[PDB]
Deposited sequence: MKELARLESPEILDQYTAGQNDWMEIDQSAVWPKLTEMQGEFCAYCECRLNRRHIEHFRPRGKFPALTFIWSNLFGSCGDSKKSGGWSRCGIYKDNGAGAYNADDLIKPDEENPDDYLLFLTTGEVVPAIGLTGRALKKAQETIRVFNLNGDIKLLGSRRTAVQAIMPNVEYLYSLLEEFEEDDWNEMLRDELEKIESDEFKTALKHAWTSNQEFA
């Protein structure tokens, strides 16, 4: 999960208002050119590469009438309805996910409630307690980020294929200077922006801003 930034809203979601209208009658081709600008070409919840894409409502469309044509509630998930990860699993799968106890990528930095170890596991952050710990333990459970073998297996490979690359940059740290090494680290953190699991790598590179 990254910290998506919702800037503007598609114009198409203004001639449609909840109630009389239905989500089906919306031309989703006019929404994607805006979602792709916000979250890039990656899933909002797991940061995989969107190849089988669909539009998900953070709060479902059945338990929350209204908010169905509201821009704030629309994200892009990685499973089309022709799956066992975020999106499809958030509805078919997990059976109780009261929406308050979930991380909204575009309103809550999903780095205070998530830690991506170099083994590809998403464990709650360090030291969280109370309600802040339930948010992490629920977003890791309703958006499967530790219980899907095809995702946990695809993030171990992506986070460990660069582990030898990380160990060298930090190895050549006490020999180099602060400015040059920081520039090299930036260049290494400016290339994961266009790579899968942009945040799993960033946590293996510097930290979850701790």
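Missing C-alpha coordinates mark the following deposited-sequence intervals, in order: 83-86, 215-216.
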